[PDB]
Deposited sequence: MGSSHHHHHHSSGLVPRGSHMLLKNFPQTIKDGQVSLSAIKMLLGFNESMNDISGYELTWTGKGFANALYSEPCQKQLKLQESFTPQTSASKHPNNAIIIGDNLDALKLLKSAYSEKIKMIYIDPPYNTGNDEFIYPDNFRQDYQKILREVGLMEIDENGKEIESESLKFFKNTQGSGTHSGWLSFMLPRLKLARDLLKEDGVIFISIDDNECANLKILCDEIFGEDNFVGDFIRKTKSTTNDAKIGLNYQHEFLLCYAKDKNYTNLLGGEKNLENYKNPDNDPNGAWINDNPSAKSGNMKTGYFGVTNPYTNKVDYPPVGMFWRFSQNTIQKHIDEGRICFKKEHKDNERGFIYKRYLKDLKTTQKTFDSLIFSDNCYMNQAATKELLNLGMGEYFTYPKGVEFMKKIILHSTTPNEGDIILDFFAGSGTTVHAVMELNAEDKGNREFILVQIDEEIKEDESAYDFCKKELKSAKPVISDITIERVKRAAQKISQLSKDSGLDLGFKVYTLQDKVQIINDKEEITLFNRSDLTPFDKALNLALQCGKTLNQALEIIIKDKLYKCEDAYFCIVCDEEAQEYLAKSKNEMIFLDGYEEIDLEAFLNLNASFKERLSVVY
C-alpha cells in the first residue's frame, strides 16, 4: 500500500546489485540458503539387510528426502566421499517441477519472519519456474560439497532447461576454479519433435571438483607398487582371446577375454566420449526391460555410461565411496557392482531415494502391492528391487565371494519407535563411525562396539560396568537415554563421553 514511484526502491536495489557484483539471483534464494544451516531432525532406522546369500554389507540405501540424508551423513562423512553422481529432475516443460521444500516443517519454521504477502511469492517462485528448481538444488549441492574429499568430484546430469543455471549455481557453491568440465551424451538418433527442423539430440554431464588441485580423472625384480592388474577385460577379442594359459589351465572369466593372444597405459576422460550411439537412451531402456522392471521406470540412465564415470573418478582398491542421492532406478549402484566385479574392486555405495507415493494408475503400483509385499507403493520400493535383481544377477555370474553385493536399507524418522540397535547405530554415526564400519558388534542389547570404541545405550551397570573394566578403548553413552548414577561415577576416569 504505497506509491508507484517506488522506482526509488527499485533503483536503489538495482544499483546495489551492481555494487554487490556478479551473481545469479532468484526468488527465494535467501531461504534456500537458510534451510542449509538448519539442524538435522532425523535419525536412521534399520529396515532390511540384503545379501544375495554370499556372506555385514559395506553398502547402504537410505529412504527419505535427500536434504535430510545428507544432513545426517555430514556427522560421519564430511570430506569422506570420493564421488557424487546425481541425475536430478530436469525442469522440462513435460515433467515440470514443483518446489517441494514449501511443505517442510523446518522451512515453515524458517519462515517465522511472516506467515499474507506470502501468497505473492508462492506464485512468483511457482512451478516450472527456475526460482523453484534453483532453491531446491542449492542447499543439497552445498551439503554434497561438504561430503567430498579434497580429491573428490561431483557429476550432475542436466538438459537445456537448467544446464546454464546449474553451471552458475555450482560455480557459486564449488568455486568457478573447481569446474572440471562438461561431458556431452548423445540421447537419441532421430527426434520426433522436429517442429522447426531441429533434431535436438543431446544432454550434459557437469563435473566439479572439491579442490581441482587434487583431481585426477585418468582411467625391476623386487616387489613394488605395480601389483599387476586383471589380465581380462570386457572386450571383443572373442576368438583371439578365449584360450589357455606346476600345471593348471587358466581360462578367462566369462563375459571377458584375455588381454593377450596366442604413460602409454593411462586413459584420459574425453569430453565427447558419450557422443557415441552406445550411450543413447535406448541402451538404458533395454537394460531395465531385461531386469523386468521396464514397466516401472521410464527414464533411467544407462549402465555402461555410469560405469565409465565411476571408472574415471574412483580407484579400484581403496574403498572409494560413491554417493547418489537422486537414485531413481538405482542405475549407479548397478554400475558400481558390475564394475567392481570386473576388476575385482571394493567400491562402496550410498544410495538415497525419496519415498513418494506411486499413483494407482501406474503399472508399478500393483507390482509394489503384489510382487513387492508393499502396503503403500513408494518409488524406493522399485529402487531397492532393481538393485536386488542386479546384485542377484551379478552374483550368479560372478564367482568371487570376496565381492560384496549386499546392502542395508535405512529410513529417516523424526527425532521411541527405535530399536536399541537403531539408537546405538545413530550414536556411532554421531561419533565418526560410518555405515560400512562393521555393523557394530552386539554385546547384550545394551552395549555395542564399533571399530575399537563401545557404544552404550542401557548403561545399567550390568557386566556393562564389569566389561568396562576393560581399559584402553573409548566409551560413548547416549545422553538422551536413562542412565544410572552409580555406574557413571564408578566408570571413573577420562576416556568417556556422554552425548
{"query": "Chain regions without C-alpha coordinates, deposited sequence numbering", "finding": "1-34, 90-92, 153-165, 270-281, 308-311, 329-362, 516-530, 615-618"}
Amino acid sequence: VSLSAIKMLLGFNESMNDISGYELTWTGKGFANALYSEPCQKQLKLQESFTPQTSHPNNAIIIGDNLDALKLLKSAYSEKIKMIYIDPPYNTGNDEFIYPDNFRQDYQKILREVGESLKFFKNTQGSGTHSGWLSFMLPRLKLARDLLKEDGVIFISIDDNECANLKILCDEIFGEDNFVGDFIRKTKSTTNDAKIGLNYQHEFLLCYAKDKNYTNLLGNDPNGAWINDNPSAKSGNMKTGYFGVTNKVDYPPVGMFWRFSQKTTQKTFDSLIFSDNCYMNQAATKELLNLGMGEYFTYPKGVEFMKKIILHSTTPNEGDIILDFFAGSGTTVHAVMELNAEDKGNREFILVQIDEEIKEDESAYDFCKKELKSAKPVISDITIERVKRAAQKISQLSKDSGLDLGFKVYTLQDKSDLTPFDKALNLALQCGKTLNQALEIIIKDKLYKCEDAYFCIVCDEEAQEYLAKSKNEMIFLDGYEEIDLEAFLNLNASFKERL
From here on, numbers count along this sequence of modelled residues.
query: Stretch with the higher entry mean CA B-factor, where the candidates are 153-161 and 228-236; finding: 228-236
query: Per the entry, higher mean C-alpha B factor between 4-12 and 489-497; finding: 489-497
query: Top residue by Cα temperature factor, when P100, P139, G255, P89 are compared in the entry; finding: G255
query: Residue with highest C-alpha B-factor in the PDB entry, from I81, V409, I394, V114; finding: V114
query: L46 by Cα B-factor - lowest, middle or highest third of the modelled chain; finding: middle
query: Ranked against its chain, the third holding the CA B-factor of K248; finding: highest
query: Chain-wide C-alpha B factor ranking for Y242, given as lowest, middle or highest third; finding: highest
query: Record-listed C-alpha B factor of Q262: chain third; finding: highest
query: Lowest, middle or highest third - CA B-factor, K373; finding: highest
